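Novice: One structure, pasted below without further comment.
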Amino acid sequence: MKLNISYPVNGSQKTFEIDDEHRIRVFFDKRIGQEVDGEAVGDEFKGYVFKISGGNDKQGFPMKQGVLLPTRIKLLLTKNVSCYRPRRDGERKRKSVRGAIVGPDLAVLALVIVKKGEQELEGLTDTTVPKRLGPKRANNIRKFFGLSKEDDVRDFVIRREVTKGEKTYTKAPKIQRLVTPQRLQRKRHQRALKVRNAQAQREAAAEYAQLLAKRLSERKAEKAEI
Amino acid sequence: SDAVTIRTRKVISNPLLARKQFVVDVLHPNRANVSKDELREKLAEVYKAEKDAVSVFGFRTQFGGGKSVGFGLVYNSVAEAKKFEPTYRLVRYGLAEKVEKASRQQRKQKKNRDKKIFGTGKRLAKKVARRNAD
Amino acid sequence: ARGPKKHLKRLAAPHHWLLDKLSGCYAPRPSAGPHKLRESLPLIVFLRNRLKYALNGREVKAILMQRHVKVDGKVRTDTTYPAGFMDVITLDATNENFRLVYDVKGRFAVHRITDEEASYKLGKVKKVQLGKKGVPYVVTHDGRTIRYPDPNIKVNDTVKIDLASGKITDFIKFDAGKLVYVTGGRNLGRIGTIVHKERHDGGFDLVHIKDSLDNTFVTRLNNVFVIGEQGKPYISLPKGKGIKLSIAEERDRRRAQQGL
RNA sequence: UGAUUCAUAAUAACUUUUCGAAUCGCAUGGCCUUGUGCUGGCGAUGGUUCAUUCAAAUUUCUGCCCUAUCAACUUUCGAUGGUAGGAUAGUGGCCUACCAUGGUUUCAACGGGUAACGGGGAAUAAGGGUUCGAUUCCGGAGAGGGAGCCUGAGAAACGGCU
RNA sequence: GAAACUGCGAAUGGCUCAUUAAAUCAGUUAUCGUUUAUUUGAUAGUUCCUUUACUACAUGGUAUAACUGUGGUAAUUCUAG
Ligand SMILES: [Mg+2]
Ligand SMILES: [Mg+2]
Ligand SMILES: [Mg+2]
Ligand SMILES: [Mg+2]
Ligand SMILES: [Mg+2]
Ligand SMILES: [Mg+2]
Ligand SMILES: [Mg+2]
Ligand SMILES: [Mg+2]
Ligand SMILES: [Mg+2]
Ligand SMILES: [Mg+2]
Ligand SMILES: [Mg+2]
Ligand SMILES: [Mg+2]
Ligand SMILES: [Mg+2]
Ligand SMILES: [Mg+2]
Ligand SMILES: [Mg+2]
Ligand SMILES: [Mg+2]
Ligand SMILES: [Mg+2]
Ligand SMILES: [Mg+2]
Ligand SMILES: [Mg+2]
Ligand SMILES: [Mg+2]
Ligand SMILES: [Mg+2]
């Protein structure tokens, strides 16, 4: 089968087609999230520790995490689960997923290197893939660059230069949750609106109570005369 | 000498859409169905606007001939005519180029084809190309 | 079935909108709003059909999205906003104000009022009740909750709402000898004074209304709207004053007015 | 209010504690300890409760074709009612538990047929009638047959799912 | 401004008359027997766990799509790491 191996701390990943099934009975009858040692997997993966994180069988059905059961069953999959993307709100689909137990009917395993071995793999460790996006929220930039509570995050924004041959410019994202005078003005407006709303309601209540007292005194005057 | 003698009945001034709207009665004896070019020119000269701020539509000519009755609009400016006037009738008057789209069937077929792709389809196209290469 | 309806068929529209039978299968279903669906007039029907200011519904939308129309002092850019009875429609361009009052045939009339009268409206009290924190409120016929009313205001009274600050300027009681605007039924649009109110505890209090030509008619109290004293109405009445001439006197008026 | 244990208020607490703006645009005024300090406009979108509107659900009275070669039907397994609970958005045998033995019928119940969706209406027009109404408007019901449910204010939805 | 997340709509319309004989439906009531998005109007100074133990309000947190990259299936508006 193929081994989709990913080394996430450089973000890099590649596939090794491993034939000669003496090497891949080390994977058999082991679930997802279980760790294996790479010496039995090969001489090139010597000292490495993989964690089985997923896989696809023949006929392409994915390994659902933590089913049991090295065969395929049809599950009623819901929202926020693997192996299903709902096309409506509240739509559940009876799809067939393949179990978490690794068997010989897999076409590809998914492995994550949780421990680098002795030798350096030619497509997993020597190469580093950069992250596509830097942080965008203010305090996420602050904890990315480790600054402080009070600092200008505007000066620490990761900018990327876009070159169209003749014209080169830079683009920076936005600072979501950025403390701005517009936000302070909006907060102040809401506080002032609550305060003057309560003041105007109390003034209307006091004026109405004066009216009620006047009508009560008039009614008492027009009743005591009788 | 041909006595086109256009007149405008039922005049309503509309500042809401910034125009004057009226019924165009065209008395054209010894003439059949004058044109809308002549009607727009001769309404432009009587309402003093411009040719391109005057809009005419209607003109069902009376049985037996010699009279055509329609509707007319004279906008306060050409920009206010292009803002408020339908695109088909701007295309009629030459104020707008006709948009060249696909037909209705190919537009809806393209939409239903694009409903089957989640995302931009760059990854899907790369996977399909690589897998169909082997 | 299965949910709220969103289409109004033409021929299922209210008859007083005077929509032509042909030219489309559908009628403008009014939005939810201050007035009931069959007792309101949408802005597309007012602008396109009554005032003739727009030829299409596309032009009604083009009028409203420039914030030209305003109903009761607020802009109301909806095409099918339910402008009903007593509603003041101000068009700031063209400098004119309309009050949506019925004509005597039972139809909303194009009635131009002044800018002084456009600064207020009248509202029939639907309920007087105590709200939360013990605060009295009054509900008018156009859905307005008005807090802290006069304690003498009861149901079937008429308040005068100021349309800028929506308060009660004054009010009119429901007594015998006060003007009525009939807002429902086959006597809709008629104006007269209350002779007396017939009680009927259990349901449907009746009102005996007499107009200026001494023609008495009986109307349910849901359809009675007080508009002022004997004479001197608080609103400006439309042309015709709610008299309901018969059809013989109507053709007599037409032959006496078209012959010059 | 025709009428209430209504509206509403108060007291003692209760709560896998509900809401009480960490949202967006445009304009950038005003004041004096000139700090990018304090204030500040027109809106948009949210949001609790009441009212309104659009509704929905249930419901009173009265009205339906032919058939007795259909005279008794209902009550096992809710049929009529009472009490209490559960359930519901809510009334209610809607369901459950315990009691009572009721309820409908020659003024046609119950059953059978319908080549029956009901109505506004249509044809024929002395008057009365007779016949039609799947069909452009209103209401119902259904998405091949049944059943079950998700999401949602609203569906037992089928150009939603099992 | 594609994509995608979120929001709203998808419950309307349209079709058909199979079921259905106090059932639907019609006129008439009732909700003092209820739910109600939206619209419209009104509405919220009280937020402290057992105050003499508060943790930013010039404003808290992570976790995901789109995207990148590696794939499986002959195939689906399949989707996995
Ligand atoms: Mg933001
Ligand atoms: Mg429907
Ligand atoms: Mg509408
Ligand atoms: Mg109980
Ligand atoms: Mg009970
Ligand atoms: Mg029982
Ligand atoms: Mg049938
Ligand atoms: Mg005969
Ligand atoms: Mg029928
Ligand atoms: Mg029918
Ligand atoms: Mg049939
Ligand atoms: Mg129908
Ligand atoms: Mg259905
Ligand atoms: Mg079929
Ligand atoms: Mg079916
Ligand atoms: Mg929805
Ligand atoms: Mg279904
Ligand atoms: Mg279909
Ligand atoms: Mg459908
Ligand atoms: Mg969404
Ligand atoms: Mg909406």
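Just so you know, the numbers here start at 1 and follow the chain as drawn.
The way this entry was determined, per its header, is electron microscopy, 3.0 Å.
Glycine too: its Cβ is placed from the backbone N, Cα and C atoms.
Annotations per Swiss-Prot:
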- B:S1: N-acetylserine (MOD_RES)
- B:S13: phosphoserine (MOD_RES)
- B:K20: ubiquitin cross-link (CROSSLNK)
- B:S55: phosphoserine (MOD_RES)
- B:101-134: region 'Disordered' (REGION)
- B:104-114: compositional bias 'Basic residues' (COMPBIAS)
- B:123-134: compositional bias 'Basic residues' (COMPBIAS)
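For each feature listed, report its degree of burial, its nearest neighbours and the pertinent distances within the displayed model.
Specialist: According to DSSP, B:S1 (N-acetylserine) is assigned to coil rather than to any helix or strand. Neighbour list (B:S1 (N-acetylserine), Cβ cut-off 8 Å, at least 6 residues apart, same chain): empty.
In sequence order, B:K20 constitute the residues six or more apart from B:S13 (phosphoserine) in its chain with CB-CB distances below 8 Å.
Mapped onto three states, the DSSP output places B:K20 (ubiquitin cross-link) in strand.
Neighbour list (B:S55 (phosphoserine), Cβ cut-off 8 Å, at least 6 residues apart, same chain): B:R40, B:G72, B:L73, B:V74, B:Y75, B:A81, B:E85, B:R89, B:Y93.
Taking H, G and I as helix, E and B as strand and the rest as coil, DSSP gives the compositional bias 'Basic residues' (B:104-114) the counts 11 helix, 0 strand, 0 coil.
With a cut-off of 8 Å between Cβ atoms, the residues of this chain six or more beyond the compositional bias 'Basic residues' (B:123-134) that come close are 117.
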Novice: With DSSP as the yardstick, break the region 'Disordered' (B:101-134) down into helix, strand and coil residue counts.
Specialist: 22 helix, 0 strand, 12 coil
Novice: Return the count of C-beta atoms lying within 10 angstroms of the C-beta of B:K20 (ubiquitin cross-link), excluding that atom itself.
Specialist: 19
